[PDB]
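One structure is given here, and the rest of the page talks about it.
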There are 2 protein chains.
Amino acid sequence: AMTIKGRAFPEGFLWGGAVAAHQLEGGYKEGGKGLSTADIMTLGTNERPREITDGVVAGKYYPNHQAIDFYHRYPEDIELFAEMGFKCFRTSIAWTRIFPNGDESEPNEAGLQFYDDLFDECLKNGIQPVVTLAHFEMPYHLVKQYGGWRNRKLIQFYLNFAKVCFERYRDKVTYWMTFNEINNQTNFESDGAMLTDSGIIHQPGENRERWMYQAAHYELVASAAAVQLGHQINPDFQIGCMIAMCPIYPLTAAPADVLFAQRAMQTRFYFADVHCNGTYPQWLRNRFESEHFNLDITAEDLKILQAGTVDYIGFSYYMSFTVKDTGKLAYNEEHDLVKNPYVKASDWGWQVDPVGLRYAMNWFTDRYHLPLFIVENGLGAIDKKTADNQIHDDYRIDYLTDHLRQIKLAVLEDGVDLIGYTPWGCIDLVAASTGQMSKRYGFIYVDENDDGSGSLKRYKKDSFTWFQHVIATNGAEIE
Amino acid sequence: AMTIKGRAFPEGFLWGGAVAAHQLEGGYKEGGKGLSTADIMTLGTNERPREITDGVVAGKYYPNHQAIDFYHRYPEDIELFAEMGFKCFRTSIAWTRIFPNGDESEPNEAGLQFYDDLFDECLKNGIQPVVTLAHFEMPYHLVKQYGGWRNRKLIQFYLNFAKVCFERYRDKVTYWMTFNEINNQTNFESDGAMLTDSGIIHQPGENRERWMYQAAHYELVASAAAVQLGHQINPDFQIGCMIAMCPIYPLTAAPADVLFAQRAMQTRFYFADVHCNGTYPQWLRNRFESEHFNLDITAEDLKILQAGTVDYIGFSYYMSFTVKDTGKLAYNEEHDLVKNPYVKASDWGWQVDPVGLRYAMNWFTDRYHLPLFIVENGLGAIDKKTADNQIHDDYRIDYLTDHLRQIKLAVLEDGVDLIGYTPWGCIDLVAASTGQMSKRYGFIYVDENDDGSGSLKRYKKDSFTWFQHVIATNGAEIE
Ligand SMILES: OC[C@H]1O[C@@H](O)[C@H](O)[C@@H](O)[C@@H]1O
Ligand SMILES: OC[C@H]1O[C@@H](O)[C@H](O)[C@@H](O)[C@@H]1O
């Protein structure tokens, strides 16, 4: 029964922080940038959904247009990351800075130069960029013109973008991921998931589930083609998938509940099966037939999938879910979840379950036997900044400490292969679900309110010093 | 929502029945046969354990000595199997008929001739033998002389036996399995599991768990060496493992219960991980270190394991288990199970859970992506034979029908790759746990009582006609 206190994480462990371009950069039309799917989502709340508009509508507030102005302020924000001691910085390359409309024959030089400048600023401070190519910010032109990822043509458009980035940043970036949280669209009834993952805005009469699987198929093919392409450009690239890991528990030991939870996880994680094993699960191929989807899946696609399996599994962890049998062995995330009575929840309703992260790490390890990278984890919570500009975020420290304890057990005791750990929203940024600044994740407070007002000044929260010390001690004190 | 009624199992499906040599043959010293570990186990009950004696003790009744005399009666019993329409017959080759003491330099010809005669009788009736090499009947001399599978020397002794069988029956047997229910010894406190799997009779002061893992290691190495050897002798052999598949559910959605059940299944099924993936799970290698086992595991062993992974997973299914968190993340099967309040149980306390078999089939498929073969399934129950020699075993038909429904769903809807299905104890035989005849599994009633008395006549139960019709219709009517 030996303590984990005093034992560090492995040597070479990548501590850092994670963001996405559209949530912090602002500068949404600077440098020739095109309009993205993030730029058409208005401000919402936990109770009122963001509105998805047909382009920019006069008079409406779009939080992603200016965000926190990291497009201009990155030198000073990176200084703060370096003060905390980050080894890496996980962000996205904005697709619309490189291919503003998506279907150009040549990339945008000003966009490429922006990321050279950003990555150089990181590297000058000893911080390695870790890059996600698709992160909920595809060109709105591809949505309007082609129907988004309904259209097979997007595979090549994505690959044109991937190729440019892999070549330009060949000597600057080692770790890449293809499609952020590709499996959010498991909830095929979620307008937000469908737009962010796939550029799908529902058309009357369409079969939502059918089109989700078609789009996901093309994305999986594009990912596999990109893994092969990237390795041709630089064989030392590590190219991963990115899975939203919300584990799903059975409510009870009733056999039907246990089978329903197994199918729920098969449904939410088939994307990982394809990314890692290179083949579709047969239950799901059988579903396509029994639901009469008639998907466009070719022999060439299947060959690409098998040849383009990933090097590691990047994943996010925030929460777990629970299900009971509904009477039909098919999981519909919009309707089939029940609240877990054993755990508490955040103010946005997200269940707090650190033990579930140890479960999840074992689940991925035993299924796939690949290295993992925790590329998002965090607690969205209200902060109050005091008169003397302090932020006493003990609630956020507690959440992160509790999750790190379970991660540390999974690494030291269970022997999970973990590349690194990057908390989400390390500088306060625009929330995805709601567009709120008030749902704060950061170690660094940004003085911007939900209505966009404020000085935009940055202040260190108490969690900044906490995480700085975790990094300095390589997690040794966590117990 | 299409019915499965009217849809058959796949073409080429192997229906049959399963037994083990020591449970039905009798003739325990005929033809030069040596004393086995089955021949030193006395009669018990659900409440009173079988006694394991040091060799044969005068005056005690050993049910396996004469069993049901299939050693002499096989021609007439096989006629009954052929009348039911079996495609295959799953049995073991008695290790002690081939190598009576285990360490001989040459095999026993009379033993080899017995299996030529038995297999020829099957094949003359169009029934293919399916053979398990080790099935709870190893030579007692190896236990006494070497300490059973505590001793590395048993690897070669097992391989001498395997080689002889593979060569002799090269043109008669396609499907082989190495070690029956290799994972029963997960319960390292079970005297029965330790003797039957591993030839281990506890010595005072020994660390039971440590020695279980050592023995299992040598058995896994022997299995992997045998897969390679068999394929050299006949590349068309299909050589499988044999896992006792009791799935383990969490009692509730409490995160600690879910993690404990995950570890319980990792513990009970690491054997499958080794047989299929070719490597130990890291959590378990870490356990060996933290429990200070100092196991004898060499680089050569690990190389053999990786090169000798199996062609298919043979498994038994009878029941499921449930667990709740005990406060320590280590599963001890003798103490850590709780009864599942959602299901009923047999008269020997075995939980009835057909849905769990669909769960299990998905669990193996998604973890390993190998074909499966259900080589045991059945209900041990009291039968009453009427005055007119009928046996109205509707309880047994019901159990088997309910399990076949779930199997059929797993094959037709979930797309699991299933080679065949062989109910256990197809002719009434001596129970393993207790040595009782009264715990009956068969389609064919044998008139022998728990004390060995009776005529030994065979009678068709109602389930015989039921299963004959399942085979004739290739399972099409099951709904
Ligand atoms: O992006 C953060 C989270 O958003 C939720 O809407 C999704 O369902 C999760 O899968 C995801 O991890
Ligand atoms: O042999 C039949 C059954 O015996 C029980 O004692 C074991 O625990 C099971 O794993 C096995 O399937």
Side-chain angles (χ1 to χ4, degrees), chain A residues 1-2 247-259 261-263 265-266 269-270 273 277 279 281-287 289-290 320-325 328-329 338 340-343 351 353-359 362-363 365-367 369 406 409-410 412-417, chain B residues 1-2 247-259 261-263 265-266 269-270 273 277 279 281-287 289-290 320-325 328-329 338 340-343 351 353-359 362-363 365-367 369 406 409-410 412-417:
Chain A
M2 299 284 281
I248 310 174
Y249 305 159
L251 183 62
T252 74
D257 287 354
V258 172
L259 186 68
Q262 178 187 58
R263 181 54 54 86
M265 288 189 75
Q266 283 171 310
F269 302 108
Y270 89 89
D273 290 330
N277 297 332
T279 49
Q282 192 65 42
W283 73 266
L284 181 55
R285 298 300 310 259
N286 286 359
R287 180 169 184 76
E289 291 177 346
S290 61
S320 63
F321 297 160
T322 299
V323 292
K324 64 181 187 279
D325 183 30
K328 178 63 173 171
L329 192 66
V338 302
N340 184 332
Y342 291 99
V343 302
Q351 289 180 154
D353 179 8
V355 172
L357 179 46
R358 183 175 184 182
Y359 172 84
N362 280 271
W363 193 95
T365 293
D366 289 8
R367 196 170 179 103
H369 296 290
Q406 297 302 312
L409 289 163
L412 297 181
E413 299 189 358
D414 304 337
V416 173
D417 186 7
Chain B
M2 299 284 281
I248 310 174
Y249 305 159
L251 183 62
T252 74
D257 287 354
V258 172
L259 186 68
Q262 178 187 58
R263 181 54 54 86
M265 288 189 75
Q266 283 171 310
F269 302 108
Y270 89 89
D273 290 330
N277 297 332
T279 49
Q282 192 65 42
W283 73 266
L284 181 55
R285 298 300 310 259
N286 286 359
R287 180 169 184 76
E289 291 177 346
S290 61
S320 63
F321 297 160
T322 299
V323 292
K324 64 181 187 279
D325 183 30
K328 178 63 173 171
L329 192 66
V338 302
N340 184 332
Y342 291 99
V343 302
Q351 289 180 154
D353 179 8
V355 172
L357 179 46
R358 183 175 184 182
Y359 172 84
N362 280 271
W363 193 95
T365 293
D366 289 8
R367 196 170 179 103
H369 296 290
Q406 297 302 312
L409 289 163
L412 297 181
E413 299 189 358
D414 304 337
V416 173
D417 186 7

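Side chains are part of it too, since the values below use all heavy atoms of this structure and drop only hydrogens, waters and symmetry mates. Sequence lines set the chain letters: A, B, ... in the order given, protein chains first and strands last, and positions in each chain run from 1.
Annotation: maximal heavy-atom pairing with chain B below 4.5 Å, among A:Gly415, A:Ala261, A:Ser290, A:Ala254, occurs at A:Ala254. In terms of non-hydrogen atom pairs under 4.5 Å with chain B, the most contact-rich of A:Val258, A:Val416, A:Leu329, A:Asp417 is A:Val258. When the candidates B:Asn362, B:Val355, B:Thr365, B:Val323 are compared by the number of heavy-atom contacts under 4.5 Å with chain A, B:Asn362 comes out ahead.
Within the 4.5 angstrom heavy-atom criterion, no atom of B:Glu289 approaches chain A. Contact annotation for B:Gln262: only side-chain heavy atoms (C-beta onward) come within less than 4.5 Å of a heavy atom of chain A. Residue contact with chain A, scored on non-hydrogen atoms closer than 4.5 Å, involves the side chain of B:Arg263 exclusively. A:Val343 touches chain B through its side chain: at least one heavy atom from C-beta onward sits under 4.5 Å away, while N, CA, C and O do not. If you measure heavy-atom distances from B:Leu409 to chain A, you find no contacts under 4.5 Å at all. If you measure heavy-atom distances from A:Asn277 to chain B, the contacts under 4.5 Å come from the side chain alone. Neither the backbone nor the side chain of B:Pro281 has a heavy atom closer than 4.5 Å to any heavy atom of chain A. Only the side chain of B:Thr322 has a heavy atom closer than 4.5 Å to any heavy atom of chain A. With a threshold of 4.5 angstrom between heavy atoms, A:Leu412 approaches chain B through N, CA, C or O but not through any side-chain atom. When heavy atoms are compared at a cutoff of 4.5 Å, A:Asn340 approaches chain B solely by way of its side chain, counted from C-beta outward.
Taking CG from A:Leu259 and CD from B:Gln406, the interatomic distance works out to 7.5 Å, rounded to the nearest 0.5 Å. Note that the CZ atom of B:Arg287 and the OH atom of B:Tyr270 stand 11.5 Å from one another [nearest 0.5 Å].
Annotation: side chain to side chain donor-acceptor pair (under 3.5 Å) contacts of B:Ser320 (sequence neighbours excluded): B:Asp353.
Of all the heavy atoms in B:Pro250 and A:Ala253, the pair that sits closest is O-CB, 3.4 Å. Minimum heavy-atom separation, A:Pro341 to A:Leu251: CD-CD1, 4.4 Å. Pairing each heavy atom of B:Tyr359 with each of B:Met265, the nearest pair is OH-SD, 3.7 Å.
Residues A:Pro255 and B:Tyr342 form a side-chain contact, since some pair of their non-hydrogen atoms from C-beta on lies under 4.5 Å apart. Contact check for A:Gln266 versus A:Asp273: no side-chain heavy atoms found under the 4.5 Å cut-off. For the pair B:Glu413/B:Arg358, a side-chain contact is recorded, criterion being any heavy-atom separation below 4.5 Å from C-beta on.
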